[PDB]
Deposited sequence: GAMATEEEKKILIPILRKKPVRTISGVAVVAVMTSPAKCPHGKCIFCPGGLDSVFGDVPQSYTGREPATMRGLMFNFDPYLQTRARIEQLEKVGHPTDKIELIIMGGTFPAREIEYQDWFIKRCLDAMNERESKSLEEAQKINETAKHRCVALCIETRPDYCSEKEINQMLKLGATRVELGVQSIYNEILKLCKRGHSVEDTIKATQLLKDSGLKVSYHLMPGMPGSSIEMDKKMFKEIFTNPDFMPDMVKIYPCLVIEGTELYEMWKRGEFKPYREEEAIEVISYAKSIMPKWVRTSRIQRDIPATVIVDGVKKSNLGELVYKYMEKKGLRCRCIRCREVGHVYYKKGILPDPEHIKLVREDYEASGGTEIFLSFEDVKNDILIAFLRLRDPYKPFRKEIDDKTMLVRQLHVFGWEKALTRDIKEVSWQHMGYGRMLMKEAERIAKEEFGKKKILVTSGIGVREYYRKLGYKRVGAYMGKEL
């Protein structure tokens, strides 16, 4: 069987899910209830806004949609978005993360301002491909230049950046896809924090369906998808987090393409056969290593580790606590020296804490030591202390701004941070 995490994922659908006529409150509440039915904790919630067009909707609609999702978490009505957010800072169901999915050409400064106002902590760009040939071929409404610019504006606003990517699009190839993944992790224009990967599928009613019928598009089968994703994972940097390889599309709607439901497991077994190692965040995090391999961090070998890389014109500092003998990731912090910020509260003497993650409670149903956690052991506070030290003593910055989930602001207050516009900030 699978694993129970301490963070509840609540994914909701915006208007043009079907059962609740896209009501934000009913979707959020129904998902929480459903999770409580099966004994999954719901005190910490990652809210995911699905649709990819949300940032293009009227602001009135966005504010209301997020307000009502928070109302369902707060279990009470609110007069406005801002009040629902204030209430949620101390509610029983805290919004610790808010991910908004969007097309890369709907990611202007104005839209980023609005997303920060909503409390967003992560933005998933519908990149699909980094090659303009492929994008025009499939009549996508964005360029690779859109993706690059959006990525930079997001990073320099302190937000986590996720790329949705599709191997096997029309016009592509196995080698071309492999090159795309190498470029995404070694070209500073890209360097995303997360990637969501799934091979391109043929679903009736899409342009891809039209191309497929014309004989223009033969989608990847399992073998091809496995080869590309296995390569991608073998080269993923330690600072990249991947999504569980899966899809919420039932096999009876897939005209052509990968139908089987265990693509992630197939990739894993292929990587074993070929001796391909995976060092990315999902592969090494405590809960996954315990579920997969039955072992726990060896405290004699837990160290603070640091890895730097150039991204979108600036410097990313990836700090982690890690069992370096067994290569197990316990916690990490993303610190950025920004490049060309535009937000009012970001100086040229400002460092950005874009993310702090301590892997916490986790009920591994398939192991005999069931519950395991690593919060309240000091790793988060030690990562923050190191981040402040690096910011002040190495980069000569004078203030540090934290991108904080609504429901996480209380944590940063305990560490001396105060609200600074959309962020939690501290003078160094």
*What portions of the deposited sequence, indexed from 1, have no corresponding C-alpha atom in the structure?*
1 to 20, 37 to 71
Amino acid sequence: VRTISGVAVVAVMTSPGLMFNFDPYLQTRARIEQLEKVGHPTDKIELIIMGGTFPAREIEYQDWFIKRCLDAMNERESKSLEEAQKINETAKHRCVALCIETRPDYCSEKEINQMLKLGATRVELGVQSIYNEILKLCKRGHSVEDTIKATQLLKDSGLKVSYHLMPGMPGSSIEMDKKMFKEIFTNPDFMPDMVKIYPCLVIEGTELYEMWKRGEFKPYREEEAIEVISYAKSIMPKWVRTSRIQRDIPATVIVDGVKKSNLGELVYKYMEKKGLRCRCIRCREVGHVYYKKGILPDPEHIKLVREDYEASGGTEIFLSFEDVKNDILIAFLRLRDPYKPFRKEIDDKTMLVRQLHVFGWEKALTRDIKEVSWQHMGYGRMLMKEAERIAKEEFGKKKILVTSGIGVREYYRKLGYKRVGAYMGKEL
From here on, numbers count along this sequence of modelled residues.
*Would you tell me which stretch averages the higher CA B-factor in the PDB entry, 200 to 208 or 347 to 355?*
200 to 208
*137 to 145 versus 162 to 170 - which carries the larger mean C-alpha B factor in the record*: 137 to 145
*Would you mind checking which of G407, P24, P16, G416 has the top Cα temperature factor in the PDB entry?*
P16
*Tell me, please, which of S261, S320, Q152, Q114 has the highest C-alpha B factor according to the deposited entry?*
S261
*asked:* Ranking every modelled residue in this chain by its Cα temperature factor as given in the entry, which third contains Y106?
replied: highest
*Taking the entry's C-alpha B-factors for this chain, is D156 in the lowest, middle or highest third?*
lowest
*If you rank the chain by CA B-factor, which third does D177 end up in: lowest, middle or highest?*
lowest
*Should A56 be placed in the lowest, middle or highest third of its chain by the C-alpha B factor in the entry?*
middle
*What third of its chain's C-alpha B-factors does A84 belong to: lowest, middle or highest?*
middle
